[PDB]
Amino acid sequence: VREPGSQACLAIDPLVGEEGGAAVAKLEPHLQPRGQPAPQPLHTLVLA
Amino acid sequence: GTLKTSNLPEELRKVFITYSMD
């Protein structure tokens with residue numbers, strides 16, 4: 001008989017870098033609000 | 001959050017709109 005002492009099997013486990021991983025970022029455009037005095041289209045009429 | 005600005009050249013700012021009366 002032989003003993004597995006020296007030849008024992010190996011388990012594996014990755015060295016995950018999640019602890020130092022950057023996050024996913026969401027973008028939102030800062031709308032030029034119409035609540036603030038934004039301009040409007042100058043629909044014109046004629047006084048005949 | 002943090003602010004970002006687009007380098008969009010004026011040439012790429014042109015838009016055309018097609019629609020119907022309703």
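Provided above is the structure to which this section pertains.
In this report, we go over the structure that sits alongside the text.

The rules behind the values
Residues numbered from 1 in each chain as written, not as in the entry; some residues may be left out. Chains lettered and ligands numbered in written order. Part of a larger assembly, values for the part shown. Heavy atoms only, no water. Helix = DSSP H or I, 4+ residues; strand = E, 2+ residues; numbered from the N terminus. Buried < 20%, exposed > 50% of the residue type's maximum accessible area, 1.4 Å probe, protein only. 1 Å grid on protein atoms, 1.4 Å probe; cavity = no way out; pocket = protein on both sides within 12 Å on 5 of 7 lines; lining within 4 Å. Points joined across faces, edges and corners; volume = space filled by probe spheres on them. Salt bridge = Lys/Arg side-chain N within 4 Å of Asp/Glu carboxyl O.

A word on the overall build of chain A. Across its full length, chain A holds zero helices and zero strands. In terms of overall dimensions, chain A has a C-alpha envelope of 115 × 15 × 10 Å along the principal axes. In chain A, which comprises 48 residues, the proportion classed as buried is 0%.

What follows concerns the layout of surface pockets. In this structure, the largest pocket occupies an estimated 490 Å³ of space. As for the largest pocket, its lining consists of 14 residues, and the residues nearest its centre are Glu28 and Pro29 of chain A together with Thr2, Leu3 and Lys4 of chain B.

Opposite charge on two side chains permits them to pair, given that their charged atoms come into close proximity. Per the stated rule, a full pass over the model turns up two salt bridges over all chains. Here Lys26 of chain A makes a salt bridge to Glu28 of chain A, at a shortest N to O gap of 3.2 Å. Measuring nitrogen to oxygen at the nearest pair gives 3.2 Å for the salt bridge that ties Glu11 of chain B to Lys14 of chain B. Each member of the pair, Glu11 of chain B as well as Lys14 of chain B, carries the same accessibility label: exposed.

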